[PDB]
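Colleague: Let me give you the structure first, and then I'll get to my questions.
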Amino acid sequence: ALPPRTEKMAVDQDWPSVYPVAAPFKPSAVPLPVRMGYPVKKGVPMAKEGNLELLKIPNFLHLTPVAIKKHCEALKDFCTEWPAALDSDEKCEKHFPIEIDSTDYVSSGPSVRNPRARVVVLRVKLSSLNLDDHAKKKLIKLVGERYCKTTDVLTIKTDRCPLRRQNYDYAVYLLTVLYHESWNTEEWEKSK
Amino acid sequence: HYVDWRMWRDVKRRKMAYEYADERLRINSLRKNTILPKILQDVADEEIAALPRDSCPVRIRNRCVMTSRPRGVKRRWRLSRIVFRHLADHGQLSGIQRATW
Amino acid sequence: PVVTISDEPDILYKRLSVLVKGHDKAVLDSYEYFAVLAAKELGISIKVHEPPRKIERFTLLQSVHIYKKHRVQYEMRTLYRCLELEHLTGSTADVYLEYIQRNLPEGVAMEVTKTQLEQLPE
Amino acid sequence: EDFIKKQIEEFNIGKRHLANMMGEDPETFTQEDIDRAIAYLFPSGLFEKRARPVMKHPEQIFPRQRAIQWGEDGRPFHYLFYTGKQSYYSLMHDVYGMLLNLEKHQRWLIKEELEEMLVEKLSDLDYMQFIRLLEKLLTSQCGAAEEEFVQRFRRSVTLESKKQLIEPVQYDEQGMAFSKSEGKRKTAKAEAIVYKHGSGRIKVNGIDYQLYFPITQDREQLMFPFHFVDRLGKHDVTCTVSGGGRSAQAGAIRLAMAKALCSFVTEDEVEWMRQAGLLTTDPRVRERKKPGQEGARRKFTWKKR
Amino acid sequence: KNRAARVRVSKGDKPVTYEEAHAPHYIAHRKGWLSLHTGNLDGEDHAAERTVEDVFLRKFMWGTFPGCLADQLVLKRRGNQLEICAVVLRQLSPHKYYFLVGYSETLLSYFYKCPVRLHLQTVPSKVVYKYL
Amino acid sequence: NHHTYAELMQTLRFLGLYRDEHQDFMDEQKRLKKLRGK
Amino acid sequence: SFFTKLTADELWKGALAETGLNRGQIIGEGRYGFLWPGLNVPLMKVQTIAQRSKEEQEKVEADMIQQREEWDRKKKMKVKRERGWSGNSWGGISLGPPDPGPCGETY
Amino acid sequence: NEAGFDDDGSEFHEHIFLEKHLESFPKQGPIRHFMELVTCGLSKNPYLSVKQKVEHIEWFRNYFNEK
RNA sequence: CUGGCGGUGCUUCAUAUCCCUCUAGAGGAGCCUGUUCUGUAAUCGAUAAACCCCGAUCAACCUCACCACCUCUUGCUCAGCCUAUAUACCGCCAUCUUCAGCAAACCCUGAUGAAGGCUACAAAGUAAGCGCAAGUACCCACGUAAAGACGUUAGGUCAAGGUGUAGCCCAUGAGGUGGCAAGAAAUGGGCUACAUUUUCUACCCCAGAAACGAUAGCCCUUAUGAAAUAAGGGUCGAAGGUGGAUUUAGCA
Ligand SMILES: [Mg+2]
Ligand SMILES: [Mg+2]
Ligand SMILES: [Mg+2]
Ligand SMILES: [Mg+2]
Ligand SMILES: [Mg+2]
Ligand SMILES: [Mg+2]
């Protein structure tokens, strides 16, 4: 008696009250007798209930479309506005030339220590600045693998410290110091 | 408490090369060099020539655990192709299959 | 929401570049479909396609003892789906990634989200 | 046989539960729900196409066999029951009776198809005899009802491969009758813009074809299509070649020019070009390097000898 | 020939499961992957330690139940979730089942610093592939 | 190192919640050889 | 070690080799275990918590060894087949009758 | 990836600013240049801290110009 | 009694698989490379059929898994063995396959014996189960990685790794310390030249030397080490003028 919640389950029941948690397949708690397996010769797939293949699937039986809509309605919160600064990778850089990257990769195994969140680059568009009287001849030489033609992509990979936000802070401080020093160019910087 | 012996030899050699870190570090950093004085270079040479075995940092040969095989081994899975092939044949590895192109 | 309502200025996020990585085709397809569905439910205009695959077929023999005239390889039909969100806020993207990771596909179908801040220069 | 009905009832209960899952009102859903399921909560990933999750109502998948072959004190359903496959022999006897009746008055399917249609596993010579009887019936006084009854077991002709996908002349973009095209040759692709007028030269990748390929074979390949159509000079192009190297790019440009020509050319010349061989891509493409061999197909020396 | 994991025909009603009947050239074709772990990934790295941990967990779980694990497990790493799908067989009473399950769960959760949990395979029919 | 791991496996076996097939078989074979020895 | 070890199929097929145990100690018992309130108790409705000792465990191990010896003795289940006609030959001996066919007539 | 892997702080002005903290030997050989190169390599390595770099520089200067 | 055999006559026939035909690397030779095996304190795996750029995606003490000196029967192992029984295994796999079928359960053919189940103007097959076929994905459906049935060499292996049984239990294991890299002799698997093709140069094809190949080894070394391996700079700058009936893949 007491079948595996297959025949005793009432018909037309509240399914959201069956798989609310992000649970696995659970071959014993699956009222879906799905047939899985390769045929033998000329007949029907193998077993009926939990199959080895069914478990080998990454397992997404949990959270059905109804539960998906429920989770979406739950996540409906957090509606922060976004500015319409015109895309095309032009006005966005004109507003703020710097373009820092603060990602959050996903870790594997039971360890969260992922040496990958320290990525940082101060990709500031110098063309958007456009306030260099004599610093044009100074910045072109004070950096090697930078200074393009169409758009000046000043991307000084500043990754010296063992973090990201303080790395960007130090990069901005160094850029400000360099700009202040270039405001009063040297004496032998003209002849190149 | 291993079953074979080559595994234990590799373990001992690797741990001896790792423990004595500063010595071999300075030796490898200062020996073969054309700059700076040669006094410290000769000192490191004498140190590495007078010390006994089970310490030199040149004791790294990729081997596996299931067989302890040095021939054909990769650092990605710390095991040999045979162990990798044995695990793939049982369908215990994701993405591995026959070269279907 | 229940995240301590504050009044300080937020960080200007831009472009949530994502890149899924895996081996199985059906698993990656399911992951990208679920991601696109959730994004459309959130209301974010995005694009999707298929970048070039990256497969480094390592070397190995076909047998175990002695065999060279008959060799074999172990490749994979891996795929990638760049589910990048063009311009959006940081909190919404963070909550979205949290909901994703709360039940991500084991092994295959691993995402590599990436943002791009801005802030003021000096 | 009872196991079939047991599994049918089990799958019916499963489908009932599945329908109860969704809170919407459409119960007689189509393949959309199964597709969504396979995409979300059933992504196997098996390369094969049979062991994949294809859960479906077995009311139509589970095949059927001969039900009961007797009733009240034996009594089968025909007088040819002891002959094995009574249905086929009864149909043959009916065909012979119709043959005799017609005499008094005055494509085909495969064996597996006939077996699937009926419930008997017929051989080949019996099928040949059946075809002979059907041919005798069709020949014995050509009528209409019998002809249709015989064709019921046949198919139509459905002729294919005749007309060519005539591409429009394309007058948009600019005030010139250009036409897009492509070309493949050992992993290569391009997009040409062959105009209709301009009796002069051609701009290959923005530069004349003098400093690009001084070899005469390249110019001959470029002329191949224009020479085949005889519209030589009256053509200007500004194609953008990419991929390949030398002969690959030459063949790609040749195919692109041939397609651009066939786009706006009479059906006769279009078919002549299509049949001559200068539109499709030959199988000569970068093959898969054999891992169990040194080079491509060159196997080891003393392999079998 | 190649008997990497297959079993040629012999009798008719012999014992055999899904994993105990497959060819090497059908690892991903007619057969699935019993370990969708975060190891052998690309272009992502980290595979040696992941495979070692997977093998250790599988061997430990096989050693737990005495004479009840015919096929390996199917580990699932949903970030910080270790889901086990063992092919367990009805041994004796449910009290021992619950006691052992809870003990193992608590032990693994306190050891690996990650929640672990398993589920029995209460099915009255194995995953037989070939009748053999 | 397989030292702490070996001790943990031995403790688990003592607790009656593990299995050591190869080790027990080797120990039995060694006992048989000693009985036949030496 | 253990990583280098294997399951049991290889050992069994090597010890048998035909080409060319899980029964004794229970999981609840151990070489140095104690009374686990989880099992080895009634329905637990109210329960008692206790622990075993080294002497009790040794006594249980001795009892298990005696049970194993008894099982080994029982394994020698030899029966003298009634010698039909001659010895070591399938002579005159009755086994069983033919079961009924698909029609009937109990034979 | 914040729950760990902090590697202490830097205050955006501790790991790089190593000009003063050098202990320059009487400028007459390549020892100062080698120390500058070592400091550059340490600054370019984001897997170190302030105390670690300070101890490394101290040990280097000692083992070099102990005398 | 049905088979292996047919240099049995014959039937379907072999499509690069076979002779008549050739496209071409290699055969006389330079370089990486080992085979029958030599040597001590530097095992090697049937090291023929399926080894001789196979395991080696490679041999400075690790890699060489092979031996001696400081000590043991707790030897890091509540010891192991890379020690052996291929007449006992698990393990991977070519071969015939470039075929065509094997048979449980039934019912028949021999006065029921070793056996067989046999042809449509039909003379006994339905044939559990394993198959080509359905291709498993792609350059679609030919073609590629791999077969393609019961099987073929007590098949290779007790040592790629583990293992019944025996031996070491003053080891053939070793905790710490010391030891090779060369072909006496032949050879072949890959990059190379005998010709203007060895050098392709600023141009990959609008302009041409030595009239030959114009090596290796050695020194400075990218790397390091107690003994060089892919190769950049200098020197040598050779070996022989497609050289033996030819050899193997190729129907694009
Ligand atoms: Mg042998
Ligand atoms: Mg084969
Ligand atoms: Mg096929
Ligand atoms: Mg193939
Ligand atoms: Mg053998
Ligand atoms: Mg010894």
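So you can find residues: chains in the structure tokens are A, B, ... in the order shown, residues in each start at 1, and ligands are numbered from 1 in order.
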Output as a VMD selection string the set of chain E residues within 10 Å of chain I, with distances taken over only C-alpha atoms (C1' of nucleotides).

Modeller: chain E and resid 1 to 4 8 to 13 23 to 26 28 to 30 130 to 132

Colleague: Contacts of residue 96 of chain I at 12 Å or less, counting only C-alpha atoms (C1' of nucleotides), minus same-chain residues fewer than 6 places along, as a PyMOL selection string?

Modeller: (chain D and resi 304) or (chain E and resi 1) or (chain I and resi 151-153)

Colleague: Please write the residues from the selection above to a file, keeping C-alpha atoms (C1' of nucleotides), as a PDB file, in the first residue's frame.

Modeller:
```
ATOM      1  CA  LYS D 304      48.819  -5.059 -44.034  1.00  0.00           C
TER       2      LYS D 304
ATOM      3  CA  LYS E   1      36.393  -6.033 -30.902  1.00  0.00           C
TER       4      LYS E   1
ATOM      5  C1'   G I 151      34.062 -15.889 -32.640  1.00  0.00           C
ATOM      6  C1'   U I 152      39.449 -15.938 -34.871  1.00  0.00           C
ATOM      7  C1'   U I 153      45.850 -16.356 -32.180  1.00  0.00           C
TER       8        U I 153
END
```

Colleague: Hey, what does DSSP flag as alpha helix (DSSP H) within chain H? Can you give it to me as a list in words?

Modeller: residues 31, 32, 33, 34, 35, 36, 37, 38, 39, 40, 41, 42, 43, 50, 51, 52, 53, 54, 55, 56, 57, 58, 59, 60, 61, 62, 63, 64 and 65 of chain H

Colleague: Residues at most 9 Å from ligand 6, using only C-alpha atoms (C1' of nucleotides) and all ligand atoms? Could they come as a PDB file with N, CA, C and O atoms (P, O5', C5', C4', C3', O3' and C1' of nucleotides), in the first residue's frame?

Modeller:
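Result saved to pocket.pdb:
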```
ATOM      1  P     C I  67      66.465  -3.716  -7.931  1.00  0.00           P
ATOM      2  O5'   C I  67      68.026  -3.813  -7.626  1.00  0.00           O
ATOM      3  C5'   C I  67      68.776  -4.967  -7.976  1.00  0.00           C
ATOM      4  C4'   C I  67      70.257  -4.716  -7.842  1.00  0.00           C
ATOM      5  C3'   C I  67      70.734  -4.313  -6.451  1.00  0.00           C
ATOM      6  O3'   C I  67      70.961  -5.430  -5.608  1.00  0.00           O
ATOM      7  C1'   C I  67      71.608  -2.805  -8.049  1.00  0.00           C
ATOM      8  P     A I  68      71.396  -5.221  -4.074  1.00  0.00           P
ATOM      9  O5'   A I  68      72.986  -5.130  -4.130  1.00  0.00           O
ATOM     10  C5'   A I  68      73.755  -5.099  -2.936  1.00  0.00           C
ATOM     11  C4'   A I  68      74.847  -4.061  -3.005  1.00  0.00           C
ATOM     12  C3'   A I  68      75.097  -3.279  -1.723  1.00  0.00           C
ATOM     13  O3'   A I  68      75.949  -3.963  -0.819  1.00  0.00           O
ATOM     14  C1'   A I  68      74.904  -1.775  -3.536  1.00  0.00           C
ATOM     15  P     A I 171      68.426 -12.937   2.597  1.00  0.00           P
ATOM     16  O5'   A I 171      67.302 -12.103   1.834  1.00  0.00           O
ATOM     17  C5'   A I 171      67.548 -10.774   1.388  1.00  0.00           C
ATOM     18  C4'   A I 171      66.768 -10.456   0.136  1.00  0.00           C
ATOM     19  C3'   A I 171      67.095  -9.114  -0.516  1.00  0.00           C
ATOM     20  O3'   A I 171      66.977  -9.229  -1.933  1.00  0.00           O
ATOM     21  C1'   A I 171      64.813  -9.158   0.082  1.00  0.00           C
ATOM     22  P     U I 172      67.905  -8.345  -2.901  1.00  0.00           P
ATOM     23  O5'   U I 172      67.462  -8.795  -4.363  1.00  0.00           O
ATOM     24  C5'   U I 172      67.268  -7.838  -5.400  1.00  0.00           C
ATOM     25  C4'   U I 172      65.816  -7.736  -5.795  1.00  0.00           C
ATOM     26  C3'   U I 172      64.839  -7.557  -4.635  1.00  0.00           C
ATOM     27  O3'   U I 172      63.749  -6.729  -5.039  1.00  0.00           O
ATOM     28  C1'   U I 172      64.326  -9.552  -5.797  1.00  0.00           C
ATOM     29  P     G I 173      63.889  -5.128  -4.987  1.00  0.00           P
ATOM     30  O5'   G I 173      62.955  -4.690  -3.773  1.00  0.00           O
ATOM     31  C5'   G I 173      61.561  -4.494  -3.958  1.00  0.00           C
ATOM     32  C4'   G I 173      60.913  -3.921  -2.722  1.00  0.00           C
ATOM     33  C3'   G I 173      61.430  -2.566  -2.260  1.00  0.00           C
ATOM     34  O3'   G I 173      60.866  -1.479  -2.974  1.00  0.00           O
ATOM     35  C1'   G I 173      61.344  -4.034  -0.417  1.00  0.00           C
ATOM     36  P     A I 174      61.747  -0.668  -4.048  1.00  0.00           P
ATOM     37  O5'   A I 174      63.095  -0.323  -3.268  1.00  0.00           O
ATOM     38  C5'   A I 174      63.183   0.808  -2.411  1.00  0.00           C
ATOM     39  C4'   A I 174      62.916   0.432  -0.976  1.00  0.00           C
ATOM     40  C3'   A I 174      63.413   1.408   0.081  1.00  0.00           C
ATOM     41  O3'   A I 174      62.542   2.513   0.268  1.00  0.00           O
ATOM     42  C1'   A I 174      63.996  -0.805   0.696  1.00  0.00           C
TER      43        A I 174
END
```

Colleague: Please identify all residues of chain G having at least one atom at most 12 Å from any atom of chain B, considering only C-alpha atoms, and return them as a VMD selection string.

Modeller: chain G and resid 1 to 6

Colleague: Give me the residues of chain D that have any atom at most 6 Å from an atom of chain I; for each, the nearest atom pair and the distance in Å, rounded to one decimal. Use only C-alpha atoms (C1' of nucleotides), sort by chain and number, and format it as JSON lines.

Modeller:
```
{"residue": "D:125", "atom": "CA", "partner": "I:120", "partner_atom": "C1'", "distance": 5.6}
{"residue": "D:298", "atom": "CA", "partner": "I:249", "partner_atom": "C1'", "distance": 4.7}
{"residue": "D:301", "atom": "CA", "partner": "I:248", "partner_atom": "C1'", "distance": 5.1}
```

Colleague: For the selection you just gave me, I'd like the residues written to a file as an mmCIF file, in the first residue's frame, keeping C-alpha atoms.

Modeller:
```cif
data_model
loop_
_atom_site.group_PDB
_atom_site.id
_atom_site.type_symbol
_atom_site.label_atom_id
_atom_site.label_comp_id
_atom_site.auth_asym_id
_atom_site.auth_seq_id
_atom_site.Cartn_x
_atom_site.Cartn_y
_atom_site.Cartn_z
ATOM 1 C CA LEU D 125 8.345 -13.327 -53.720
ATOM 2 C CA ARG D 298 47.907 8.032 -46.350
ATOM 3 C CA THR D 301 53.465 1.803 -44.713
#
```

Colleague: Using only C-alpha atoms, select each residue of chain B with any atom at most 10 Å away from an atom of chain E, and give the selection as a list in words.

Modeller: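 Close to chain E, chain B has residues 65, 74, 75, 76, 77, 78, 79, 85, 86, 88, 89, 90, 91, 92, 93, 94, 95, 96, 97, 98, 99 and 100 of chain B.
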
Colleague: Output N, CA and C atoms for every residue in the selection just made, as a PDB file, in the first residue's frame.

Modeller:
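Output file result16.pdb follows:
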```pdb
ATOM      1  N   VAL B  65      47.597   8.356  -9.945  1.00  0.00           N
ATOM      2  CA  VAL B  65      47.374   7.697  -8.665  1.00  0.00           C
ATOM      3  C   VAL B  65      46.927   6.253  -8.851  1.00  0.00           C
ATOM      4  N   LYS B  74      49.144  14.318 -17.901  1.00  0.00           N
ATOM      5  CA  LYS B  74      48.766  15.717 -18.025  1.00  0.00           C
ATOM      6  C   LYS B  74      48.546  16.321 -16.645  1.00  0.00           C
ATOM      7  N   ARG B  75      48.876  17.606 -16.520  1.00  0.00           N
ATOM      8  CA  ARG B  75      48.674  18.331 -15.272  1.00  0.00           C
ATOM      9  C   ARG B  75      47.230  18.771 -15.072  1.00  0.00           C
ATOM     10  N   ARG B  76      46.391  18.680 -16.106  1.00  0.00           N
ATOM     11  CA  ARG B  76      45.000  19.100 -15.973  1.00  0.00           C
ATOM     12  C   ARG B  76      44.233  18.183 -15.028  1.00  0.00           C
ATOM     13  N   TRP B  77      44.451  16.871 -15.134  1.00  0.00           N
ATOM     14  CA  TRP B  77      43.747  15.891 -14.315  1.00  0.00           C
ATOM     15  C   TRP B  77      44.683  15.115 -13.396  1.00  0.00           C
ATOM     16  N   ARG B  78      45.969  15.471 -13.358  1.00  0.00           N
ATOM     17  CA  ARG B  78      46.957  14.806 -12.504  1.00  0.00           C
ATOM     18  C   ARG B  78      46.912  13.287 -12.658  1.00  0.00           C
ATOM     19  N   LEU B  79      46.484  12.813 -13.826  1.00  0.00           N
ATOM     20  CA  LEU B  79      46.431  11.387 -14.111  1.00  0.00           C
ATOM     21  C   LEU B  79      46.806  11.164 -15.570  1.00  0.00           C
ATOM     22  N   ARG B  85      41.229   7.426 -19.938  1.00  0.00           N
ATOM     23  CA  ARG B  85      40.466   6.570 -20.840  1.00  0.00           C
ATOM     24  C   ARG B  85      39.620   5.570 -20.062  1.00  0.00           C
ATOM     25  N   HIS B  86      40.164   5.017 -18.976  1.00  0.00           N
ATOM     26  CA  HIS B  86      39.405   4.066 -18.171  1.00  0.00           C
ATOM     27  C   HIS B  86      38.183   4.730 -17.547  1.00  0.00           C
ATOM     28  N   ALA B  88      36.661   7.436 -18.777  1.00  0.00           N
ATOM     29  CA  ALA B  88      35.748   7.839 -19.841  1.00  0.00           C
ATOM     30  C   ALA B  88      34.955   6.651 -20.368  1.00  0.00           C
ATOM     31  N   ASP B  89      35.580   5.472 -20.430  1.00  0.00           N
ATOM     32  CA  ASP B  89      34.881   4.288 -20.914  1.00  0.00           C
ATOM     33  C   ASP B  89      33.669   3.963 -20.051  1.00  0.00           C
ATOM     34  N   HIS B  90      33.754   4.219 -18.748  1.00  0.00           N
ATOM     35  CA  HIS B  90      32.647   3.971 -17.834  1.00  0.00           C
ATOM     36  C   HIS B  90      31.633   5.108 -17.811  1.00  0.00           C
ATOM     37  N   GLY B  91      31.762   6.086 -18.705  1.00  0.00           N
ATOM     38  CA  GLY B  91      30.835   7.205 -18.725  1.00  0.00           C
ATOM     39  C   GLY B  91      30.867   8.046 -17.470  1.00  0.00           C
ATOM     40  N   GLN B  92      32.000   8.071 -16.770  1.00  0.00           N
ATOM     41  CA  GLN B  92      32.141   8.829 -15.535  1.00  0.00           C
ATOM     42  C   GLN B  92      32.744  10.211 -15.760  1.00  0.00           C
ATOM     43  N   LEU B  93      32.821  10.666 -17.008  1.00  0.00           N
ATOM     44  CA  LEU B  93      33.369  11.975 -17.334  1.00  0.00           C
ATOM     45  C   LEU B  93      32.435  12.686 -18.301  1.00  0.00           C
ATOM     46  N   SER B  94      32.208  13.974 -18.053  1.00  0.00           N
ATOM     47  CA  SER B  94      31.313  14.774 -18.875  1.00  0.00           C
ATOM     48  C   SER B  94      32.066  15.368 -20.056  1.00  0.00           C
ATOM     49  N   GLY B  95      31.407  15.392 -21.215  1.00  0.00           N
ATOM     50  CA  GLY B  95      31.979  15.955 -22.418  1.00  0.00           C
ATOM     51  C   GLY B  95      32.910  15.040 -23.181  1.00  0.00           C
ATOM     52  N   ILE B  96      33.386  13.962 -22.567  1.00  0.00           N
ATOM     53  CA  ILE B  96      34.299  13.043 -23.235  1.00  0.00           C
ATOM     54  C   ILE B  96      33.499  12.075 -24.094  1.00  0.00           C
ATOM     55  N   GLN B  97      33.971  11.853 -25.316  1.00  0.00           N
ATOM     56  CA  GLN B  97      33.314  10.954 -26.256  1.00  0.00           C
ATOM     57  C   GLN B  97      34.304  10.635 -27.372  1.00  0.00           C
ATOM     58  N   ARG B  98      33.826   9.944 -28.401  1.00  0.00           N
ATOM     59  CA  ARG B  98      34.670   9.596 -29.533  1.00  0.00           C
ATOM     60  C   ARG B  98      34.784  10.773 -30.496  1.00  0.00           C
ATOM     61  N   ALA B  99      35.931  10.854 -31.170  1.00  0.00           N
ATOM     62  CA  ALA B  99      36.208  11.951 -32.088  1.00  0.00           C
ATOM     63  C   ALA B  99      35.202  11.983 -33.231  1.00  0.00           C
ATOM     64  N   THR B 100      34.005  12.513 -32.971  1.00  0.00           N
ATOM     65  CA  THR B 100      32.974  12.579 -33.998  1.00  0.00           C
ATOM     66  C   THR B 100      33.139  13.774 -34.926  1.00  0.00           C
TER      67      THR B 100
END
```

Colleague: Using only C-alpha atoms (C1' of nucleotides) and all ligand atoms, determine which residues fall within 12 Å of ligand 1, then list them as a PyMOL selection string.

Modeller: (chain C and resi 65) or (chain I and resi 45-51+86+153-158)

Colleague: Give me every strand (DSSP E) residue in chain C, going by DSSP on the backbone, as a list in words.

Modeller: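 Selection result, strand (DSSP E) within chain C: residues 20, 21, 110 and 111 of chain C.
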
Colleague: Kindly save the residues from that selection, with N, CA, C and O atoms included, as a PDB file, in the first residue's frame.

Modeller:
```pdb
ATOM      1  N   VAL C  20      28.583  31.610 -21.300  1.00  0.00           N
ATOM      2  CA  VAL C  20      28.370  30.275 -20.756  1.00  0.00           C
ATOM      3  C   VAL C  20      29.400  29.323 -21.345  1.00  0.00           C
ATOM      4  O   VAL C  20      29.783  29.439 -22.516  1.00  0.00           O
ATOM      5  N   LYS C  21      29.854  28.374 -20.530  1.00  0.00           N
ATOM      6  CA  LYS C  21      30.850  27.395 -20.938  1.00  0.00           C
ATOM      7  C   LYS C  21      30.422  26.013 -20.466  1.00  0.00           C
ATOM      8  O   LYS C  21      29.977  25.849 -19.326  1.00  0.00           O
ATOM      9  N   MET C 110      28.551  26.639 -17.362  1.00  0.00           N
ATOM     10  CA  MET C 110      29.138  27.536 -16.376  1.00  0.00           C
ATOM     11  C   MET C 110      29.229  28.932 -16.980  1.00  0.00           C
ATOM     12  O   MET C 110      29.836  29.115 -18.041  1.00  0.00           O
ATOM     13  N   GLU C 111      28.631  29.909 -16.306  1.00  0.00           N
ATOM     14  CA  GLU C 111      28.596  31.277 -16.801  1.00  0.00           C
ATOM     15  C   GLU C 111      29.814  32.055 -16.320  1.00  0.00           C
ATOM     16  O   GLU C 111      30.394  31.761 -15.271  1.00  0.00           O
TER      17      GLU C 111
END
```

Colleague: Atom CA of residue 85 of chain D and atom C1' of residue 107 of chain I, how far apart in Å?

Modeller: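 One can read the atom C1' of residue 107 of chain I to atom CA of residue 85 of chain D distance as 18.3 Å.
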
Colleague: Just how far from atom CA of residue 120 of chain A is atom CA of residue 155 of chain A, in Å to one decimal?

Modeller: 10.2 Å

Colleague: Set the distance at 12 Å and use only C-alpha atoms (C1' of nucleotides): which residues neighbour residue 7 of chain F once local chain neighbours fewer than 3 positions away are removed? I'd like the list as number ranges by chain.

Modeller: B: 1; F: 1-4, 10-14; G: 1-2; I: 77-78

Colleague: May I ask for the distance between atom CA of residue 66 of chain D and atom CA of residue 111 of chain D, given in Å to one decimal place?

Modeller: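 Distance between the two atoms: 18.6 Å.
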
Colleague: What residues in chain F lie within 9 Å of chain I, counting only C-alpha atoms (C1' of nucleotides), written as a ChimeraX atom specification?

Modeller: /F:3,22,33-34,37-38

Colleague: Print the selection's residues with N, CA, C and O atoms to a file, as an mmCIF file, in the first residue's frame.

Modeller:
```cif
data_model
loop_
_atom_site.group_PDB
_atom_site.id
_atom_site.type_symbol
_atom_site.label_atom_id
_atom_site.label_comp_id
_atom_site.auth_asym_id
_atom_site.auth_seq_id
_atom_site.Cartn_x
_atom_site.Cartn_y
_atom_site.Cartn_z
ATOM 1 N N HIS F 3 48.224 9.446 4.806
ATOM 2 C CA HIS F 3 48.458 9.043 6.189
ATOM 3 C C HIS F 3 47.241 9.357 7.055
ATOM 4 O O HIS F 3 46.634 8.453 7.640
ATOM 5 N N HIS F 22 40.386 -4.675 -0.608
ATOM 6 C CA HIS F 22 41.745 -4.988 -1.035
ATOM 7 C C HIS F 22 42.671 -5.182 0.160
ATOM 8 O O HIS F 22 43.473 -6.122 0.186
ATOM 9 N N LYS F 33 50.214 -17.016 3.673
ATOM 10 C CA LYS F 33 51.614 -17.228 3.315
ATOM 11 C C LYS F 33 52.468 -17.466 4.554
ATOM 12 O O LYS F 33 53.343 -18.340 4.555
ATOM 13 N N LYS F 34 52.229 -16.697 5.618
ATOM 14 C CA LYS F 34 52.973 -16.896 6.858
ATOM 15 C C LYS F 34 52.705 -18.277 7.438
ATOM 16 O O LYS F 34 53.628 -18.950 7.914
ATOM 17 N N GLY F 37 54.662 -20.367 5.423
ATOM 18 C CA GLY F 37 56.076 -20.073 5.556
ATOM 19 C C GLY F 37 56.727 -20.868 6.675
ATOM 20 O O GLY F 37 56.513 -22.083 6.730
ATOM 21 N N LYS F 38 57.512 -20.258 7.571
ATOM 22 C CA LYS F 38 57.822 -18.822 7.628
ATOM 23 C C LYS F 38 56.571 -17.958 7.784
ATOM 24 O O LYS F 38 56.578 -16.964 8.511
#
```

Colleague: For segment 91-108 of chain E, list every protein, DNA or RNA residue within 12 Å, evaluated using only C-alpha atoms (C1' of nucleotides), and leave out those in the same chain fewer than 6 positions away; present the list as number ranges by chain.

Modeller: A: 110; E: 57, 60-61, 63-69, 81-84, 114-122; F: 12, 16-18; G: 22-23, 26-29, 36-44

Colleague: Could you please tell me, as an NGL selection string, which residues of chain A have an atom within 12 Å of chain D when using only C-alpha atoms?

Modeller: :A and (5-19 or 24-25 or 30-40 or 42-49 or 51-70)

Colleague: Please build the interface table for chain C against ligand 4 with a cut-off of 10 Å, listing for each qualifying residue the nearest atom pair and the distance in Å to one decimal; count only C-alpha atoms and all ligand atoms, order rows by chain and increasing number, and write it as a tab-separated table.

Modeller:
```
residue	atom	partner	partner_atom_place_in_ligand_line	distance
C:70	CA	ligand 4	1 (Mg)	9.7
C:71	CA	ligand 4	1 (Mg)	9.9
C:72	CA	ligand 4	1 (Mg)	9.1
```

Colleague: I want to know what sits within 8 Å of segment 13-20 of chain B, based on only C-alpha atoms (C1' of nucleotides), with residues of the same chain fewer than 4 positions away left out; could you give that as a ChimeraX atom specification?

Modeller: /B:9,24,54-60 /I:62

Colleague: Taking 2 positions as the minimum chain separation for residues in the same chain, which residues sit within 10 Å of residue 50 of chain H when counting only C-alpha atoms (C1' of nucleotides)? Answer as a PyMOL selection string.

Modeller: (chain A and resi 161) or (chain H and resi 7-10+14-16+48+52-56)

Colleague: Show me, as number ranges by chain, the residues that have an atom within 10 Å of residue 79 of chain A when counting only C-alpha atoms (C1' of nucleotides), minus same-chain residues fewer than 3 positions from it.

Modeller: A: 75-76, 82; C: 1, 42, 89, 91-92
